[PDB]
Amino acid sequence: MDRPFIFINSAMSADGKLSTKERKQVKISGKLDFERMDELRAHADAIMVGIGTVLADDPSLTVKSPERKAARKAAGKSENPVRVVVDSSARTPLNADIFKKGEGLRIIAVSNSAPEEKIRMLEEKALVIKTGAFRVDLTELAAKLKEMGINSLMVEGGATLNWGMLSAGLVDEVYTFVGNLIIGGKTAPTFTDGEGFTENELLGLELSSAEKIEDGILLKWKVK
Amino acid sequence: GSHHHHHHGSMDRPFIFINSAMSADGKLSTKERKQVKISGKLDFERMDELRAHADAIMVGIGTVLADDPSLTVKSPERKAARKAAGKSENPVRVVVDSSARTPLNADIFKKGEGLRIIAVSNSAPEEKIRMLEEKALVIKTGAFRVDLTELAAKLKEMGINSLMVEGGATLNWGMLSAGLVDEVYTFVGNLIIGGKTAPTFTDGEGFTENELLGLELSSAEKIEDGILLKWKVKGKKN
Ligand SMILES: NC(=O)c1ccc[n+]([C@@H]2O[C@H](COP(=O)([O-])OP(=O)(O)OC[C@H]3O[C@@H](n4cnc5c(N)ncnc54)[C@H](OP(=O)(O)O)[C@@H]3O)[C@@H](O)[C@H]2O)c1
Ligand SMILES: NC(=O)c1ccc[n+]([C@@H]2O[C@H](COP(=O)([O-])OP(=O)(O)OC[C@H]3O[C@@H](n4cnc5c(N)ncnc54)[C@H](OP(=O)(O)O)[C@@H]3O)[C@@H](O)[C@H]2O)c1
């Protein structure tokens with residue numbers, strides 16, 4: 001039933017893309033947005049990313065600033081927030097950067113269809129939470145994260161995970177750093193891919209703030 | 001800044017600006033290509049004012065088939081203001097239509113005074129061209145698809161100095177990838193549309209990491225429930 005406070009933070013091009021048509025990472029935001037993202041990571045209890053992001057970018061999801069890591073450790077918490085990968089078939093690579101880098105809890109959320117052999121290998125390095133049939137049940141995952149002490153969850157994204165979280169009615173706020181470039185492309189990942197809403201299913205927002213940061217602009221939206 | 005910013009006295013083409021309304025996740029319409037409420041009345045008025053000051057509006061054939069817009073100036077006062085200064089009530093209306101599929105009963109042909117231009121490719125069927133020439137100037141450029149650089153040169157040569165691209169995802173890509181666009185205005189509406197196959201502000205092929213198009217933020221203004229971002233086109237990042 002219950003869930004953490006959940007927000008999406010992503011950086012997108014002016015035409016709404018998270019990455020190119022080849023699924024390759026480009027520089028959307030500068031140092032100042034990277035510092036803001038690091039502050040968010042430091043204050044969040046957990047960070048969540050989809051398997052698509054892990055496979056494309058192999059990110060570590062760590063807090064980068066030594067001062068922020070020390071501030072978290074001084075307050076009793078691990079240097080990094082809990083890192084959560086949403087991954088139905090348990091395909092998270094065993095030598096992924098989320099496993100090589102930093103201290104803290106890792107969680108792989110898999111589906112009940114996931115093969116047992118891969119689940120066991122991952123369980124050496126992470127807590128594995130099983131929900132749903134062929135796909136992770138994000139509502140049940142969310143309540144299970146809240147049960148464990150997670151009150152603040154940052155969805156770092158993935159176009160499809162963003163869709164999954166938003167269409168399930170789980171998100172409280174959306175942060176979009178809009179960068180000063182056009183990426184383009186029909187098949188380029190956008191801020192929200194997945195199936196998409198029809199005319200009668202559209203999700204209303206309210207604009208909370210708009211702040212210019214370096215060469216782009218940060219839009220913060222409250223979900224209705 | 002390598003992009004040569006054009007103005008009303010530039011030689012090769014009009015000043016060109018894209019205007020669109022999009023969702024907070026970058027979509028122009030749903031995955032069924034259906035129009036939805038993105039902009040409020042104030043953004044509709046801002047759009048209308050832009051139309052009134054432009055010499056020409058350009059849309060892709062896809063927009064004409066999906067939405068059937070007239071592309072007219074709506075306000076009687078804005079039309080009268082154009083008229084009083086010797087202009088046609090409506091700016092020139094241009095459709096980028098490679099295969100000459102613009103319907104003969106399209107709303108572009110029924111509503112309002114002003115010139116109509118159908119830009120077609122050299123390969124478009126001559127039967128459908130001759131039918132279109134009863135209602136419009138037809139201009140042929142490019143072998144199979146409309147050559148937008150050449151089209152832009154021809155619009156300039158006729159005396160068009162200001163071109164509003166009202167877009168569609170594919171035409172926006174065409175103009176942006178050809179290096180033809182000076183400014184980009186996006187009203188960002190207070191909604192999520194979503195969808196992998198939902199049209200975005202710029203679809204088409206897309207840029208690789210070596211051909212990204214750099215912008216500069218000119219202004220950000222809140223309007224009703226959303227926000228208007230205006231971007232100046234700088235050159236390629238490489
Ligand atoms: N610029 C930025 O801010 C930013 C941030 C993050 C990522 N990115 C980019 O985004 C791209 C990746 O996005 P993506 O859409 O491919 O992958 P993604 O959103 O990271 O992950 C999506 C995958 O998660 C799994 N999943 C499991 N249960 C789900 C559920 N209930 N709902 C939705 N998904 C579920 C699905 O695969 P299975 O069913 O097979 O598990 C799904 O395909 C990369 O190119 C990356 O660079 C950009
Ligand atoms: N709210 C807004 O601001 C707004 C405004 C307009 C549209 N929209 C939405 O956009 C959605 C989809 O638009 P769309 O992208 O599918 O249609 P579009 O961009 O209006 O039309 C694209 C078409 O232009 C023609 N074309 C010819 N030569 C070209 C070239 N060199 N480069 C690019 N295009 C060329 C092609 O058709 P041929 O090859 O057959 O000629 C192509 O399919 C619609 O559902 C509509 O609701 C929203």
# chains A, B, ... in the order shown; residues from 1 in each chain; ligands from 1
$ residues_around --residues "range 82-96 of chain B" --least-positions-apart "2" --cutoff "6 Å" --atoms "only C-alpha atoms" --output "count of residues only"
17
$ residues_around --residues "residue 69 in chain B" --least-positions-apart "3" --cutoff "10 Å" --atoms "only C-alpha atoms" --output "list in words"
residues 59, 63, 64, 65, 66, 72, 106, 107, 108 and 111 of chain B
$ write_last_selection --atoms "N, CA and C atoms" --output "mmCIF file, in the first residue's frame"
data_model
loop_
_atom_site.group_PDB
_atom_site.id
_atom_site.type_symbol
_atom_site.label_atom_id
_atom_site.label_comp_id
_atom_site.auth_asym_id
_atom_site.auth_seq_id
_atom_site.Cartn_x
_atom_site.Cartn_y
_atom_site.Cartn_z
ATOM 1 N N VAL B 59 4.169 23.799 -42.743
ATOM 2 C CA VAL B 59 3.901 22.519 -42.080
ATOM 3 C C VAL B 59 4.166 21.335 -43.010
ATOM 4 N N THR B 63 1.151 16.630 -40.724
ATOM 5 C CA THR B 63 0.270 17.482 -39.929
ATOM 6 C C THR B 63 -1.040 17.747 -40.653
ATOM 7 N N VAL B 64 -0.977 17.940 -41.970
ATOM 8 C CA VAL B 64 -2.190 18.214 -42.738
ATOM 9 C C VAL B 64 -3.147 17.007 -42.735
ATOM 10 N N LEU B 65 -2.596 15.800 -42.855
ATOM 11 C CA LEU B 65 -3.388 14.566 -42.871
ATOM 12 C C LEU B 65 -3.952 14.240 -41.495
ATOM 13 N N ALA B 66 -3.112 14.356 -40.466
ATOM 14 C CA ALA B 66 -3.523 14.082 -39.093
ATOM 15 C C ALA B 66 -4.524 15.106 -38.534
ATOM 16 N N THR B 72 -4.630 29.648 -40.505
ATOM 17 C CA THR B 72 -5.028 31.050 -40.595
ATOM 18 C C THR B 72 -4.674 31.789 -39.317
ATOM 19 N N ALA B 106 -8.609 19.956 -48.354
ATOM 20 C CA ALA B 106 -7.949 20.314 -47.101
ATOM 21 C C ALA B 106 -8.369 21.716 -46.668
ATOM 22 N N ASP B 107 -8.364 21.936 -45.363
ATOM 23 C CA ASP B 107 -8.856 23.182 -44.778
ATOM 24 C C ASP B 107 -7.958 24.380 -45.163
ATOM 25 N N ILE B 108 -6.681 24.098 -45.407
ATOM 26 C CA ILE B 108 -5.742 25.077 -45.965
ATOM 27 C C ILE B 108 -6.263 25.765 -47.227
ATOM 28 N N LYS B 111 -10.214 27.934 -46.122
ATOM 29 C CA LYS B 111 -10.309 29.037 -45.166
ATOM 30 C C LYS B 111 -9.336 30.172 -45.505
#
$ residues_near_ligand --ligand "ligand 2" --cutoff "7 Å" --atoms "only C-alpha atoms and all ligand atoms" --output "ChimeraX atom specification"
/B:19-22,28-29,33-35,38,59-64,66-67,96-101,145-148,166-175,199,203
$ residues_near_ligand --ligand "ligand 1" --cutoff "6 Å" --atoms "only C-alpha atoms and all ligand atoms" --output "NGL selection string"
:A and (10-12 or 18-19 or 23-25 or 49-53 or 56-57 or 86-89 or 135-138 or 156-161 or 164 or 189)
$ write_last_selection --atoms "N, CA, C and O atoms" --output "CSV table (one decimal), in the first residue's frame"
chain,number,residue,atom,x,y,z
A,10,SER,N,16.0,13.6,-14.2
A,10,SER,CA,16.8,13.4,-15.4
A,10,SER,C,17.3,14.7,-16.1
A,10,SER,O,16.8,15.7,-15.7
A,11,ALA,N,18.2,14.5,-17.0
A,11,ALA,CA,18.7,15.6,-17.8
A,11,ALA,C,18.2,15.2,-19.3
A,11,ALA,O,18.4,14.1,-19.7
A,12,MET,N,17.6,16.2,-20.0
A,12,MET,CA,17.1,15.9,-21.3
A,12,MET,C,17.5,17.1,-22.2
A,12,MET,O,17.7,18.2,-21.8
A,18,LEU,N,16.9,11.7,-23.8
A,18,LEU,CA,17.9,11.3,-22.8
A,18,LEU,C,19.2,10.9,-23.3
A,18,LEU,O,20.2,10.9,-22.6
A,19,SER,N,19.2,10.5,-24.6
A,19,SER,CA,20.4,10.0,-25.3
A,19,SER,C,20.1,9.9,-26.7
A,19,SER,O,19.0,10.2,-27.2
A,23,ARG,N,21.3,4.9,-28.6
A,23,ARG,CA,21.3,4.7,-27.2
A,23,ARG,C,22.7,5.1,-26.5
A,23,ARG,O,23.0,4.5,-25.5
A,24,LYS,N,23.4,6.0,-27.1
A,24,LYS,CA,24.7,6.5,-26.6
A,24,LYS,C,24.6,7.8,-25.8
A,24,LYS,O,23.8,8.7,-26.1
A,25,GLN,N,25.3,7.8,-24.7
A,25,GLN,CA,25.3,8.9,-23.7
A,25,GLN,C,26.0,10.2,-24.3
A,25,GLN,O,27.1,10.1,-24.9
A,49,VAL,N,17.4,2.8,-11.0
A,49,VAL,CA,17.7,2.8,-12.4
A,49,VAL,C,17.1,1.5,-13.0
A,49,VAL,O,17.1,0.5,-12.3
A,50,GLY,N,16.8,1.6,-14.3
A,50,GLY,CA,16.4,0.4,-15.0
A,50,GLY,C,17.5,-0.4,-15.6
A,50,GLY,O,18.6,0.2,-15.8
A,51,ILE,N,17.3,-1.7,-15.8
A,51,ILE,CA,18.3,-2.5,-16.5
A,51,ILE,C,18.8,-2.0,-17.8
A,51,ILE,O,20.0,-2.1,-18.1
A,52,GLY,N,17.9,-1.3,-18.6
A,52,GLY,CA,18.3,-0.7,-19.9
A,52,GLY,C,19.5,0.3,-19.7
A,52,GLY,O,20.4,0.4,-20.5
A,53,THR,N,19.4,1.1,-18.6
A,53,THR,CA,20.4,2.1,-18.3
A,53,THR,C,21.7,1.4,-17.8
A,53,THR,O,22.8,1.8,-18.2
A,56,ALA,N,23.3,-0.1,-21.0
A,56,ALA,CA,23.8,1.0,-22.0
A,56,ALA,C,25.0,1.8,-21.4
A,56,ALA,O,26.0,2.0,-22.2
A,57,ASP,N,24.9,2.2,-20.2
A,57,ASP,CA,25.9,3.1,-19.6
A,57,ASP,C,26.8,2.6,-18.5
A,57,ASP,O,27.8,3.3,-18.2
A,86,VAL,N,16.1,-2.2,-11.4
A,86,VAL,CA,14.8,-2.8,-11.8
A,86,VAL,C,15.1,-3.7,-13.0
A,86,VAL,O,15.5,-3.2,-14.1
A,87,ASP,N,14.9,-5.0,-12.9
A,87,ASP,CA,15.6,-6.0,-13.8
A,87,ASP,C,14.8,-7.3,-13.8
A,87,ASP,O,15.1,-8.2,-13.0
A,88,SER,N,13.8,-7.5,-14.7
A,88,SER,CA,12.8,-8.6,-14.6
A,88,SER,C,13.4,-10.0,-14.7
A,88,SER,O,13.0,-10.9,-14.1
A,89,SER,N,14.5,-10.1,-15.6
A,89,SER,CA,15.1,-11.4,-15.9
A,89,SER,C,16.4,-11.6,-15.2
A,89,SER,O,17.1,-12.6,-15.6
A,135,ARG,N,7.3,-9.2,-15.3
A,135,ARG,CA,7.8,-7.9,-15.2
A,135,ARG,C,7.8,-7.5,-13.8
A,135,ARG,O,6.9,-8.0,-13.0
A,136,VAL,N,8.7,-6.7,-13.3
A,136,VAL,CA,8.7,-6.2,-11.9
A,136,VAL,C,7.4,-5.4,-11.7
A,136,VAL,O,6.9,-4.6,-12.5
A,137,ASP,N,6.7,-5.7,-10.6
A,137,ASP,CA,5.6,-5.0,-10.1
A,137,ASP,C,6.1,-3.8,-9.3
A,137,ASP,O,6.5,-4.0,-8.1
A,138,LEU,N,6.1,-2.6,-9.9
A,138,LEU,CA,6.7,-1.4,-9.3
A,138,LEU,C,5.9,-0.9,-8.1
A,138,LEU,O,6.5,-0.4,-7.1
A,156,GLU,N,16.5,7.7,-11.3
A,156,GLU,CA,17.5,8.3,-12.1
A,156,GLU,C,17.2,8.2,-13.5
A,156,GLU,O,17.6,9.1,-14.4
A,157,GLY,N,16.5,7.1,-13.9
A,157,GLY,CA,15.7,7.1,-15.0
A,157,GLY,C,15.9,5.8,-15.8
A,157,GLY,O,16.0,4.7,-15.3
A,158,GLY,N,16.1,6.1,-17.1
A,158,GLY,CA,15.7,5.2,-18.1
A,158,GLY,C,14.3,5.7,-18.5
A,158,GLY,O,13.5,5.9,-17.7
A,159,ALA,N,14.2,5.8,-19.9
A,159,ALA,CA,13.0,6.3,-20.5
A,159,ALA,C,11.8,5.4,-20.1
A,159,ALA,O,10.7,5.9,-19.9
A,160,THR,N,12.0,4.1,-20.1
A,160,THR,CA,11.0,3.1,-20.0
A,160,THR,C,10.6,2.9,-18.5
A,160,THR,O,9.4,2.9,-18.1
A,161,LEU,N,11.6,2.9,-17.6
A,161,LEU,CA,11.3,2.9,-16.2
A,161,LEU,C,10.5,4.2,-15.7
A,161,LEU,O,9.6,4.1,-14.9
A,164,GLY,N,7.1,3.5,-16.6
A,164,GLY,CA,6.6,2.5,-15.6
A,164,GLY,C,6.2,3.1,-14.3
A,164,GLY,O,5.1,2.8,-13.8
A,189,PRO,N,15.9,7.5,-27.0
A,189,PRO,CA,15.1,7.5,-25.7
A,189,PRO,C,14.7,8.9,-25.3
A,189,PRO,O,15.5,9.8,-25.3
$ closest_atom_pairs --of "chain A" --to "chain B" --cutoff "6 Å" --atoms "only C-alpha atoms" --output "tab-separated table"
residue	atom	partner	partner_atom	distance
A:15	CA	B:201	CA	5.1
A:16	CA	B:26	CA	4.3
A:21	CA	B:206	CA	6.0
A:180	CA	B:215	CA	4.7
A:181	CA	B:214	CA	4.4
A:182	CA	B:213	CA	5.1
A:183	CA	B:207	CA	5.5
A:184	CA	B:206	CA	4.2
A:185	CA	B:206	CA	3.5
A:186	CA	B:203	CA	4.1
A:191	CA	B:25	CA	5.1
A:192	CA	B:194	CA	4.9
A:193	CA	B:196	CA	4.1
A:194	CA	B:195	CA	4.9
A:195	CA	B:195	CA	4.7
A:196	CA	B:195	CA	3.5
A:197	CA	B:193	CA	5.6
A:202	CA	B:193	CA	5.8
A:203	CA	B:192	CA	5.2
A:204	CA	B:191	CA	4.5
A:205	CA	B:190	CA	4.7
A:206	CA	B:190	CA	5.9
$ write_last_selection --atoms "N, CA and C atoms" --output "compact mmCIF listing (two decimals), in the first residue's frame"
# COMPACT_ATOMS: atom_id res chain seq x y z
N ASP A 15 14.70 19.01 -27.15
CA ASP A 15 13.69 18.20 -27.83
C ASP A 15 13.27 16.91 -27.07
N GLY A 16 13.66 16.81 -25.80
CA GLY A 16 13.15 15.79 -24.89
C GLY A 16 13.91 14.47 -24.82
N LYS A 21 19.88 8.33 -30.82
CA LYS A 21 19.22 7.19 -31.50
C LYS A 21 19.96 5.85 -31.40
N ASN A 180 21.03 22.63 -23.43
CA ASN A 180 21.08 23.47 -24.62
C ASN A 180 21.61 22.75 -25.85
N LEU A 181 20.86 21.75 -26.30
CA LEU A 181 21.17 21.03 -27.53
C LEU A 181 19.93 20.37 -28.09
N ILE A 182 20.00 20.01 -29.36
CA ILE A 182 19.02 19.15 -29.99
C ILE A 182 19.73 17.83 -30.29
N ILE A 183 19.13 16.72 -29.88
CA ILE A 183 19.64 15.37 -30.16
C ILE A 183 18.89 14.75 -31.33
N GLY A 184 17.57 14.82 -31.27
CA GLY A 184 16.72 14.33 -32.35
C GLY A 184 16.61 12.82 -32.38
N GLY A 185 15.77 12.33 -33.26
CA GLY A 185 15.68 10.91 -33.54
C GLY A 185 14.40 10.26 -33.04
N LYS A 186 13.66 9.67 -33.97
CA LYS A 186 12.45 8.89 -33.70
C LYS A 186 12.64 7.75 -32.66
N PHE A 191 12.37 11.41 -22.32
CA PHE A 191 12.16 11.42 -20.88
C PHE A 191 11.10 10.38 -20.43
N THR A 192 10.12 10.08 -21.29
CA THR A 192 9.10 9.06 -21.00
C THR A 192 8.74 8.30 -22.27
N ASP A 193 9.22 7.07 -22.37
CA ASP A 193 8.89 6.17 -23.48
C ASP A 193 7.76 5.22 -23.05
N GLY A 194 7.97 3.91 -23.10
CA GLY A 194 6.93 2.92 -22.82
C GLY A 194 5.80 2.96 -23.82
N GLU A 195 4.62 2.55 -23.37
CA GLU A 195 3.43 2.49 -24.22
C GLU A 195 2.88 3.88 -24.53
N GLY A 196 2.86 4.75 -23.52
CA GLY A 196 2.26 6.08 -23.64
C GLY A 196 0.79 6.13 -23.30
N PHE A 197 0.36 7.27 -22.78
CA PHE A 197 -1.03 7.51 -22.46
C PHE A 197 -1.83 7.85 -23.72
N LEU A 202 -4.14 11.01 -19.88
CA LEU A 202 -3.00 11.93 -19.76
C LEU A 202 -2.74 12.28 -18.30
N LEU A 203 -1.47 12.47 -17.94
CA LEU A 203 -1.09 12.78 -16.56
C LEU A 203 -0.83 14.27 -16.39
N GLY A 204 -1.66 14.92 -15.58
CA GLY A 204 -1.50 16.33 -15.29
C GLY A 204 -0.34 16.64 -14.36
N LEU A 205 0.30 17.79 -14.60
CA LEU A 205 1.35 18.30 -13.73
C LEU A 205 1.02 19.72 -13.29
N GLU A 206 1.78 20.19 -12.32
CA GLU A 206 1.81 21.59 -11.92
C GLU A 206 3.27 22.00 -11.88
$ select_by_dssp --residues "range 12-150 of chain A" --states "helix (DSSP H, G or I)" --output "PyMOL selection string"
chain A and resi 31-43+51-57+66-74+97-100+116-123+138-147
$ select_by_dssp --residues "range 5-221 of chain A" --states "strand (DSSP E)" --output "number ranges by chain"
A: 5-12, 46-50, 82-86, 106-111, 127-131, 152-157, 173-178, 181-182, 203-213, 216-221
$ write_last_selection --atoms "C-alpha atoms" --output "mmCIF file, in the first residue's frame"
data_model
loop_
_atom_site.group_PDB
_atom_site.id
_atom_site.type_symbol
_atom_site.label_atom_id
_atom_site.label_comp_id
_atom_site.auth_asym_id
_atom_site.auth_seq_id
_atom_site.Cartn_x
_atom_site.Cartn_y
_atom_site.Cartn_z
ATOM 1 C CA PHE A 5 8.451 9.884 -1.502
ATOM 2 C CA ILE A 6 9.402 9.250 -5.170
ATOM 3 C CA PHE A 7 10.907 11.725 -7.621
ATOM 4 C CA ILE A 8 12.349 11.399 -11.105
ATOM 5 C CA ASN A 9 15.504 13.378 -11.871
ATOM 6 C CA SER A 10 16.786 13.355 -15.447
ATOM 7 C CA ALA A 11 18.658 15.608 -17.850
ATOM 8 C CA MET A 12 17.136 15.910 -21.330
ATOM 9 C CA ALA A 46 17.782 5.194 -2.398
ATOM 10 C CA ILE A 47 18.471 5.584 -6.126
ATOM 11 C CA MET A 48 16.684 3.515 -8.780
ATOM 12 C CA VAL A 49 17.665 2.817 -12.379
ATOM 13 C CA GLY A 50 16.375 0.372 -15.003
ATOM 14 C CA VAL A 82 20.764 2.258 -1.474
ATOM 15 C CA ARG A 83 21.161 1.489 -5.207
ATOM 16 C CA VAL A 84 18.258 -0.302 -6.866
ATOM 17 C CA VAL A 85 18.196 -1.869 -10.327
ATOM 18 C CA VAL A 86 14.834 -2.847 -11.821
ATOM 19 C CA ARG A 106 22.530 -2.940 -3.586
ATOM 20 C CA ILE A 107 19.023 -4.240 -4.483
ATOM 21 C CA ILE A 108 18.106 -6.050 -7.701
ATOM 22 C CA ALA A 109 14.316 -6.059 -8.194
ATOM 23 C CA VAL A 110 13.483 -9.020 -10.411
ATOM 24 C CA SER A 111 10.302 -10.721 -11.583
ATOM 25 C CA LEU A 127 19.419 -8.156 -1.787
ATOM 26 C CA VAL A 128 17.095 -9.612 -4.474
ATOM 27 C CA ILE A 129 13.398 -8.670 -4.218
ATOM 28 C CA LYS A 130 10.957 -10.715 -6.358
ATOM 29 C CA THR A 131 7.610 -9.262 -7.521
ATOM 30 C CA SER A 152 13.076 9.038 -0.284
ATOM 31 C CA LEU A 153 13.611 7.303 -3.652
ATOM 32 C CA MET A 154 15.314 9.024 -6.612
ATOM 33 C CA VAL A 155 14.445 7.498 -9.981
ATOM 34 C CA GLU A 156 17.535 8.347 -12.076
ATOM 35 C CA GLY A 157 15.664 7.075 -14.978
ATOM 36 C CA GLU A 173 7.632 15.087 -8.494
ATOM 37 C CA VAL A 174 9.547 15.254 -11.769
ATOM 38 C CA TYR A 175 12.832 17.176 -12.191
ATOM 39 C CA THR A 176 13.999 17.789 -15.735
ATOM 40 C CA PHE A 177 17.244 19.639 -16.486
ATOM 41 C CA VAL A 178 16.653 20.864 -20.043
ATOM 42 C CA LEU A 181 21.174 21.029 -27.529
ATOM 43 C CA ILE A 182 19.019 19.146 -29.986
ATOM 44 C CA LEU A 203 -1.090 12.776 -16.563
ATOM 45 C CA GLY A 204 -1.504 16.335 -15.291
ATOM 46 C CA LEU A 205 1.349 18.302 -13.733
ATOM 47 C CA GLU A 206 1.810 21.590 -11.923
ATOM 48 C CA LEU A 207 4.956 23.664 -12.489
ATOM 49 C CA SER A 208 6.690 24.296 -9.133
ATOM 50 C CA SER A 209 9.779 26.180 -10.291
ATOM 51 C CA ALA A 210 11.949 27.076 -13.252
ATOM 52 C CA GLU A 211 15.606 27.947 -12.571
ATOM 53 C CA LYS A 212 18.310 28.698 -15.121
ATOM 54 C CA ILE A 213 21.474 26.722 -14.294
ATOM 55 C CA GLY A 216 20.160 25.069 -19.518
ATOM 56 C CA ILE A 217 17.111 25.298 -17.321
ATOM 57 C CA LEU A 218 15.766 23.130 -14.509
ATOM 58 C CA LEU A 219 12.022 22.490 -14.605
ATOM 59 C CA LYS A 220 10.419 20.981 -11.446
ATOM 60 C CA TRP A 221 6.897 19.563 -11.810
#
$ residues_around --residues "residue 1 in chain A" --least-positions-apart "3" --cutoff "8 Å" --atoms "only C-alpha atoms" --output "MDAnalysis selection string"
chainID A and resid 139:140 143
$ write_last_selection --atoms "N, CA, C and O atoms" --output "compact mmCIF listing (two decimals), in the first residue's frame"
# COMPACT_ATOMS: atom_id res chain seq x y z
N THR A 139 4.59 -1.06 -8.04
CA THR A 139 3.82 -0.71 -6.85
C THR A 139 4.20 -1.60 -5.65
O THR A 139 4.43 -1.10 -4.56
N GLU A 140 4.32 -2.91 -5.86
CA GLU A 140 4.74 -3.81 -4.78
C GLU A 140 6.21 -3.58 -4.38
O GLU A 140 6.55 -3.60 -3.19
N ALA A 143 6.33 -0.43 -2.09
CA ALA A 143 5.90 -0.69 -0.71
C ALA A 143 6.96 -1.48 0.06
O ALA A 143 7.19 -1.20 1.24
$ closest_residue --among "B:68, B:136, B:112, B:142" --to "residue 124 in chain B" --atoms "only C-alpha atoms"
B:142
$ atom_distance --atom1 "CA of residue 58 in chain A" --atom2 "CA of residue 92 in chain A"
9.9 Å
